[PDB]
Peer 1: 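I'd like to ask some things about the structure below.
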Amino acid sequence: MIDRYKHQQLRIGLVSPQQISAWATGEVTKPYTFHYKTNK
Amino acid sequence: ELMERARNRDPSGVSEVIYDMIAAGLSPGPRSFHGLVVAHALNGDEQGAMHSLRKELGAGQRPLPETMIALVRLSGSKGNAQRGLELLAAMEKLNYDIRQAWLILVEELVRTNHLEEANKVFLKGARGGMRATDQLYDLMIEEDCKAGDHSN
Amino acid sequence: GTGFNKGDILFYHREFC
Amino acid sequence: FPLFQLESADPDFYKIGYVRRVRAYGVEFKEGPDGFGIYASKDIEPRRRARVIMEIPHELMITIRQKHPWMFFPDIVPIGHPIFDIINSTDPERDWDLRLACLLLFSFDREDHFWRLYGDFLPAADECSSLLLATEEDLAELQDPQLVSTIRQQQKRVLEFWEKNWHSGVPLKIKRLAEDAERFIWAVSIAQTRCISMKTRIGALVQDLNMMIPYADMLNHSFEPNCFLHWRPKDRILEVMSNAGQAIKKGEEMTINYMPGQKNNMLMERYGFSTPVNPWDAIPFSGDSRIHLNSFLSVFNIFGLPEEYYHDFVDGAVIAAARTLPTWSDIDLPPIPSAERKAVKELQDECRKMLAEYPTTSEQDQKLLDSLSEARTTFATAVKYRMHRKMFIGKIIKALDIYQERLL
Ligand SMILES: Nc1ncnc2c1ncn2[C@@H]1O[C@H](CSCC[C@H](N)C(=O)O)[C@@H](O)[C@H]1O
């Protein structure tokens with residue numbers, strides 16, 4: 001019997017600023033959440 | 001005389017003998033036509049062999065298993081995997097055991113260095129419920145791993 | 001459990017008769 | 001409208017099994033002049049998989065380990081019994097039948113053992129076909145010095161073992177097992193003629209066993225059988241399974257392959273019988289005259305590899321001929337008929353010389369069998385063996401003739 005091989009992995013890791021930009025690319029610049037009047 | 005002419009790689013002479021039988025009133029059976037097919041196949045002539053098989057089917061005679069074995073061996077030697085598969089399907093339609101022809105085709109395709117088509121034919125046969133010999137299994141595994149083909 | 005171990009010749013060639 | 005429009009076996013034979021969880025499905029036991037047999041009591045419809053025919057529980061068997069050390073399953077021999085000492089002194093390789101005979105005698109002496117009752121349906125000394133019970137007169141009719149010498153060696157070995165282990169000073173519990181030699185000879189004959197070897201798993205232990213299985217030795221031998229034995233380890237049951245997708249008609253005999261790839265001589269040595277359609281029989285040819293294997297196979301429609309010849313007049317005799325006839329092969333080289341006719345003529349001459357070597361013929365042997373009224377079973381067995389060899393040679397001749405006929 002040859003085992004039905006399954007090679008699956010997941011790895012955590014410390015992230016780089018370039019990968020953060022690649023995630024965003026997209027920068028949040030203002031602290032406003034929603035419009036008080038138009039709710040937009 | 002026809003089998004003689006087939007043994008000296010003379011398909012034209014076999015055709016002369018067949019026409020002599022036609023003139024003499026002797027109906028050409030599967031044996032004489034099989035000699036014609038073997039004569040065509042011996043000197044690496046695939047088109048002539050398939051023409052002889054077409055003469056088979058037109059003449060109304062049932063081709064012998066040896067004729068189909070020779071045709072599949074010729075196709076494997078030339079690397080014509082699809083032609084070999086068509087011949088195997090024709091063998092199946094004629095109520096014949098295609099295991100030996102399948103093994104011969106796979107081995108010929110391996111020998112001529114057509115490992116891709118040999119692998120495809122072998123996998124088709126194996127998934128079709130057909131069982132190969134131990135030597136063929138070992139040869140396929142070793143050749144595929146030597147070529148770096150782990151998937152096959 | 002159940003997840004262990006990953007769970008045409010001979011045609012157009014008939015006798016003319 | 002309904003108004004306008006071989007014998008059955010002893011019912012107790014199946015009843016003693018039935019009350020002990022033996023089940024037979026779709027088959028009935030029948031008895032004839034030759035002996036017991038299993039036949040389909042109705043029409044067995046071919047299903048997708050193999051069908052269960054019989055089920056024999058493990059506790060009703062007499063099994064011994066095929067390899068050292070000797071352990072019995074189920075363990076019927078008590079600790080310290082001298083029968084274990086008798087068994088343990090046997091040769092591990094060739095003395096397997098002696099151990100089974102000792103176990104059979106011990107079981108026959110046991111009051112609560114099942115085989116005390118089942119042993120009454122075993123063939124007697126005058127009904128068993130084993131050659132160990134054959135005298136010198138019966139052996140003289142085998143017309144084969146090799147088989148005769150082998151049988152003499154077997155008989156000498158059995159009698160030497162009995163004399164060595166059943167002398168005057170043995171305890172009463174051992175002397176009553178076999179008071180005199182022919183009883184032990186019959187025990188060895190039964191063991192040889194009915195032992196079944198298999199690789200069985202019991203619990204977590206996997207091992208090979210020599211097994212005396214009741215109701216499964218009832219099946220007759222065939223080289224093209226419709227049934228096979230499968231061991232079920234979860235409940236420790238031996239299954240008799242009909243082949244998957246193979247229809248069986250009412251009254252068709254249930255047969256299993258006693259041993260594959262064995263010629264008629266070894267069958268006669270072990271089970272004391274031979275068959276005329278043995279596809280493994282060998283005829284020693286000179287090898288000077290040879291025919292074309294491919295043409296011979298194609299004419300008779302014999303396909304498959306040399307170890308799996310099968311047919312789509314043609315029977316196991318033709319397959320045996322193809323396996324034993326001198327043959328030549330050159331991939332795709334056709335045979336010219338002229339040399340084939342001469343080759344088959346030479347082979348037919350050799351076969352006729354072999355037939356002339358025999359003092360008598362096969363038809364006269366059949367007539368002698370039909371006129372036979374005061375002969376033992378081994379006498380008819382030897383006559384049938386030599387007649388079957390004669391018919392095999394004759395079938396070879398006829399097959400060669402028809403093959404040379406259909407070569408054009
Ligand atoms: N195909 C066959 N033709 C004739 N005898 C056979 C046979 N297959 C088996 N036998 C005989 O049956 C014995 C196996 S035990 C089979 C049942 C036995 N005939 C009985 O009546 O008890 C062997 O000794 C063998 O001689």
Side-chain angles (χ1 to χ4, degrees), chain D residues 6-10 13-14 16-17 24 27-39 53-54 56 61-62 97 100-101 104 115 117-134 138 142 147 151 154 185-197 210-229 240 252-260 262-281 315-317 366 369 376-389 391-392:
Chain D
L6 278 173
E7 325 180 0
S8 273
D10 191 30
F13 173 76
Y14 180 55
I16 60 179
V27 293
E28 57 178 7
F29 299 83
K30 306 191 71 61
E31 197 175 5
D34 53 339
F36 252 84
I38 303 178
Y39 306 84
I53 298 315
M54 326 177 42
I56 302 100
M61 305 172 185
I62 310 173
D97 41 1
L100 268 183
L104 264 168
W115 272 79
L117 325 170
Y118 187 84
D120 281 324
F121 297 90
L122 304 184
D126 38 64
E127 300 177 8
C128 195
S129 56
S130 184
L131 297 191
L132 282 174
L133 314 176
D138 298 337
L142 294 167
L147 199 45
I151 295 318
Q154 295 263 244
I185 298 182
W186 166 85
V188 175
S189 305
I190 285 292
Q192 285 186 5
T193 43
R194 300 162 108 74
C195 164
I196 288 167
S197 277
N210 292 306
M211 296 146 70
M212 302 279 339
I213 309 161
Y215 294 98
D217 42 1
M218 270 328 144
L219 301 146
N220 276 332
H221 166 94
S222 162
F223 282 105
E224 327 191 333
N226 44 357
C227 289
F228 65 96
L229 310 183
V240 178
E252 177 165 332
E253 191 182 24
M254 297 331 222
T255 43
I256 66 152
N257 206 314
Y258 280 15
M259 72 185 336
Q262 285 308 304
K263 326 198 202 79
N264 266 332
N265 69 293
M266 231 303 288
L267 260 44
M268 281 270 327
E269 180 195 351
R270 176 66 57 72
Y271 304 103
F273 85 104
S274 46
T275 166
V277 284
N278 188 309
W280 303 89
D281 261 332
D315 52 357
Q366 178 56 70
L369 275 178
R376 334 160 48 111
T377 319
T378 62
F379 194 96
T381 298
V383 168
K384 284 194 282 286
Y385 174 53
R386 72 181 174 198
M387 161 194 29
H388 290 157
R389 197 149 169 196
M391 323 170 23
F392 174 49

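All chains are named by letter (A, B, ...) in the order of the sequence lines, taking the proteins before the strands, and each is independently numbered beginning at 1. When reading the values below, keep in mind they use all heavy atoms of this one structure, side chains included, and skip hydrogens, waters and symmetry mates. When a ligand or atom number is given, it counts from 1 through the structure's own listing order.
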Peer 1: Which residue and non-hydrogen atom of the protein lie closest to atom 23 (C) of ligand 1, and at what distance in Å?
Peer 2: D:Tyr271 O, 3.4 Å

Peer 1: Using heavy-atom distances, let me know which of D:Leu219, D:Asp34, D:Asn220 sits nearest atom 10 (N) of ligand 1.
Peer 2: D:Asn220

Peer 1: As a check for students: among D:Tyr258, D:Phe29, D:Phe36, identify the option with a heavy atom nearest to atom 19 (N) of ligand 1.
Peer 2: D:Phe36

Peer 1: Should D:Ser130 be listed as contacting ligand 1, given a heavy-atom distance under 4.0 Å as the test?
Peer 2: no

Peer 1: Identify each donor-acceptor pair in which a side-chain atom of residues 211-222 of chain D lies under 3.5 Å from a protein atom, sequence neighbours left out, and give them as a table.
Peer 2:
unit_1: D:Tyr215; atom_1: OH; unit_2: D:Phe13; atom_2: O; d: 2.2
unit_1: D:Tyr215; atom_1: OH; unit_2: D:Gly17; atom_2: N; d: 3.0
unit_1: D:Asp217; atom_1: OD1; unit_2: D:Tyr118; atom_2: OH; d: 3.1
unit_1: D:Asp217; atom_1: OD1; unit_2: D:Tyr215; atom_2: N; d: 3.2
unit_1: D:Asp217; atom_1: OD2; unit_2: D:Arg194; atom_2: NE; d: 3.1
unit_1: D:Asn220; atom_1: ND2; unit_2: D:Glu253; atom_2: OE2; d: 2.3
unit_1: D:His221; atom_1: ND1; unit_2: D:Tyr258; atom_2: N; d: 3.0
unit_1: D:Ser222; atom_1: OG; unit_2: D:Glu224; atom_2: N; d: 2.9
unit_1: D:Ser222; atom_1: OG; unit_2: D:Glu224; atom_2: O; d: 3.3

Peer 1: Backbone N or O of D:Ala24 within a donor-acceptor pair of the D:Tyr14 side chain at under 3.5 Å?
Peer 2: yes

Peer 1: Only heavy atoms count here, so choose which of D:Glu31, D:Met268, D:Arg194 is nearest to atom 22 (O) of ligand 1.
Peer 2: D:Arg194

Peer 1: With sequence neighbours left out, what residues match D:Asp34 under salt bridge (charged side-chain N to carboxylate O under 4.0 Å, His left out)?
Peer 2: none

Peer 1: Does the protein place any heavy atom closer than 4.0 Å to atom 17 (C) of ligand 1?
Peer 2: yes

Peer 1: To the closest 0.5 Å, what do you measure between CD1 (D:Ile151) and OG (D:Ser130)?
Peer 2: 7.0 Å

Peer 1: For atom 26 (O) of ligand 1, find the nearest protein heavy atom and state the residue, atom name and distance (0.1 Å precision).
Peer 2: D:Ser129 OG, 2.3 Å

Peer 1: Could you check D:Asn278 against D:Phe223 for side chain to side chain contact (heavy atoms under 4.5 Å, CB included), going step by step and ending with a plain yes or no?
Peer 2: CA-CA 7 Å; D:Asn278 188 309; D:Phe223 282 105; 3.5 Å; yes

Peer 1: Quiz question: by atom type and distance under 3.5 Å, do the side chains of D:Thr255 and D:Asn226 form a donor-acceptor pair?
Peer 2: yes

Peer 1: For atom 1 (N) of ligand 1, what's the nearest protein heavy-atom neighbour? Residue, atom name and distance, please.
Peer 2: D:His221 O, 3.3 Å

Peer 1: For D:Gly272, take its heavy atoms, then give the atoms of ligand 1 lying under 4.0 Å from any of them.
Peer 2: 26 (O)

Peer 1: Apply side chain to side chain contact (heavy atoms under 4.5 Å, CB included) to residues D:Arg376 and D:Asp138 and explain how you reach the verdict.
Peer 2: CA-CA 8 Å; D:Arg376 334 160 48 111; D:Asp138 298 337; 3.2 Å; yes

Peer 1: To the nearest 0.5 angstrom, please state how far the CE atom of D:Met259 sits from the CD1 atom of D:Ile196.
Peer 2: 12.0 Å

Peer 1: If the contact criterion is a heavy-atom separation under 4.0 Å, does D:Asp217 count as touching ligand 1?
Peer 2: yes

Peer 1: Determine whether more than 12 heavy atoms belonging to other residues, nucleotides or ligands lie under 6.0 Å from atom NZ of D:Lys263.
Peer 2: no

Peer 1: Please list, in number order, the atoms of ligand 1 under 4.0 Å from a heavy atom of D:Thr193.
Peer 2: 14 (C), 24 (O)

Peer 1: Relative to the heavy atoms of D:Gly35, which atoms of ligand 1 are at a distance of less than 4.0 Å?
Peer 2: 21 (O)

Peer 1: To check your reading of the model: name the closest protein heavy atom to atom 3 (N) of ligand 1, its residue, and the distance in Å.
Peer 2: D:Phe273 CD1, 3.9 Å

